[PDB]
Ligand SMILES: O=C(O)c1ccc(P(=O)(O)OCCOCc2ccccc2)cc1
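The data below hold one chain only, encoded as structure tokens and taken in the form deposited without the named molecule.
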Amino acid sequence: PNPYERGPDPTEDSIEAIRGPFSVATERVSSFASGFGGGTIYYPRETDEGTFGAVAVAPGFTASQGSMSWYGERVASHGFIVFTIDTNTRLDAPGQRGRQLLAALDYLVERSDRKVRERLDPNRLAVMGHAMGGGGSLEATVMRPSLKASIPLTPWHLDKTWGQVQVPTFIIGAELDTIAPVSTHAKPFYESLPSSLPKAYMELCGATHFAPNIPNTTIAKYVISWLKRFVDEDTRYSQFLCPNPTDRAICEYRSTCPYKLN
């Protein structure tokens, strides 16, 4: 059996739930941590099912973990360690945000508290980021191809060619995004990704550049499903991902389905 499967068999209602099956505790990380600006670690409390993978969450330009705080309890309650981080300076570029995403992951593995390290599987790490943090999410996978999953949220980046990414990448675009429009950012990012890569592009209807900053069930249900399928190798969640989701909130979806288990 898959030793990384956590939680009961998933329903369409379960992935959408505000509170997952797990109970969430937290740990505050000082900004004097090396490589990044600290953050808040959300981790499951139940330990009788085994350790969990982790996901580091980066904010956008001039932003902090407050704009990404709702991902913590929402995602960690489904069986993940969520590390919403702050950057060194709020004006950090996408390239710098990719390094600090990895520096946060290193902290989880090397210097985190015993209560977090004892619950952590350091071989199953993922990244996620909003806007310039989304560009940093793409940057991190280029810097560390061993990551399990990557979720750029309405990402922004100068470079458009990502044809050497080897990490399963889920790009969420906003239809009415005029800061990082999907026509010149999110879609060119997805298309430049290797055709052989397990990837997906979800465009939210009527959403703006700042939609990932507020509780959104369409984002949460498939962020959870993407993390389950590639961080936990939980094929029980391939149902919600392949074939392409048909939610009313979604305006366009592209994928390399099916995601054959490797």
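Residue numbers here begin at 1 and follow the sequence given.
If you look for the form deposited with the named molecule bound, you will not find it shown, but the lines that follow are about it.
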{"item": "Output flag, 63, 67 and 213 jointly within 4.5 Å of the named molecule in the deposited complex, heavy atom basis", "value": "yes"}
{"item": "Selected contact from 107, 71, 156, 190, since only one has a non-hydrogen atom within 4.5 angstroms of the named molecule in the deposited complex", "value": "156"}
{"item": "Heavy atom within 4.5 Å of the named molecule in the deposited complex - residue from 172, 82, 131, 126", "value": "131"}
{"item": "Contact of residue 179 with the named molecule in the deposited complex (heavy atom, 4.5 Å)", "value": "yes"}
{"item": "Partner contact for residue 236 in the deposited complex: the named molecule, 4.5 angstroms, heavy atom", "value": "no"}
{"item": "Answer range among 220-228, 37-45, 205-213, 22-30 for contact with the named molecule, defined in the deposited complex as heavy atoms within 4.5 Å", "value": "205-213"}
